[PDB]
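Okay, here's what each chain looks like letter by letter:
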Amino acid sequence: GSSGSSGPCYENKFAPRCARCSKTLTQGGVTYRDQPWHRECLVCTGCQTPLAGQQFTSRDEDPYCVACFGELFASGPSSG
Ligand SMILES: [Zn+2]
Ligand SMILES: [Zn+2]
């Protein structure tokens, strides 16, 4: 397995791309954490729900919906 004399140079940023897939965002879209995200992609990291323009919070670098935020981290008080 040996190869060389390869590796072109092509790169042009004309529009924002999903921070997850990094494809393209021309039909508007959304932005999570000062970064472009796919309206569809942008979903809770627990229930997998679209927070597109919804009231939620981020934790440990992950978008979590109020339902999860106050369910995972805010688990039962002094519970096993
Ligand atoms: Zn995406
Ligand atoms: Zn959730």
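Quick notes on the rules
Residues numbered from 1 in each chain as written, not as in the entry; some residues may be left out. Chains lettered and ligands numbered in written order. Heavy atoms only, no water. Donors = N, O, S within 2.8 Å, 3.2 Å for Na, K, Ca; no water. Tetrahedral: all angles 85-135°; square planar, octahedral: opposite > 155°, others 65-115°. Helix = DSSP H or I, 4+ residues; strand = E, 2+ residues; numbered from the N terminus. Buried < 20%, exposed > 50% of the residue type's maximum accessible area, 1.4 Å probe, protein only. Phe/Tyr/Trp six-rings, centres within 6.5 Å; stacked < 30°, edge-to-face > 60°.

The record names solution NMR as the way this model was obtained.

A. The arrangement of the coordination of the zinc ion (ligand 2) in detail. Around the zinc ion (ligand 2), the protein contributes the donor atoms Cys 44 (SG), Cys 47 (SG), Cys 65 (SG) and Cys 68 (SG), at 2.3 to 2.4 Å from the metal centre. The coordination sphere of the zinc ion (ligand 2) comprises 4 donor atoms, whose angles at the metal cover 86 to 119 degrees; the geometry is tetrahedral. Motif for the zinc ion (ligand 2), donor spacing along one chain: C-x2-C-x17-C-x2-C. With a gap of 24 residues between them, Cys 44 in the loop between β2 (36–37) and β3 (56–58) and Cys 68 in helix α1 (residues 66–72) connect regions that are remote in the sequence. Of the two residues examined, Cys 44 and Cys 68, each falls in the buried class.

B. How the structure looks around unusual backbone geometry. Here the phi dihedral of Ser 5 falls at roughly 40 degrees; this positive angle occurs in a residue that is not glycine. Here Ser 5 is to be found in the segment before β1 (30–31).

C. Expanded view of the coordination of the zinc ion (ligand 1). Looking at the zinc ion (ligand 1), one finds its protein donor set to be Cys 18 (SG), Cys 21 (SG), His 38 (ND1) and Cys 41 (SG), positioned 2.3 to 2.4 Å from the metal centre. Relative to the metal, the 4 donor atoms surrounding the zinc ion (ligand 1) lie at angles of 86 to 120 degrees, and the coordination shape comes out tetrahedral. Of the residues examined, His 38 reaches a relative accessible area of 12% and is grouped as buried.

D. Layout of the packing of aromatic side chains. Tallying each qualifying case throughout the model produces 3 aromatic pairs. A ring pair is formed by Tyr 32 and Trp 37, whose centres lie 5.3 Å apart and whose planes are at 80 degrees; its orientation type is edge-to-face. Overall, the relative accessible area of 5% leaves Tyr 32 in the buried class. Taking 5.3 Å as the distance between ring centres and 90 degrees as the angle between the ring planes, the aromatic pair formed by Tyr 64 and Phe 73 counts as edge-to-face.

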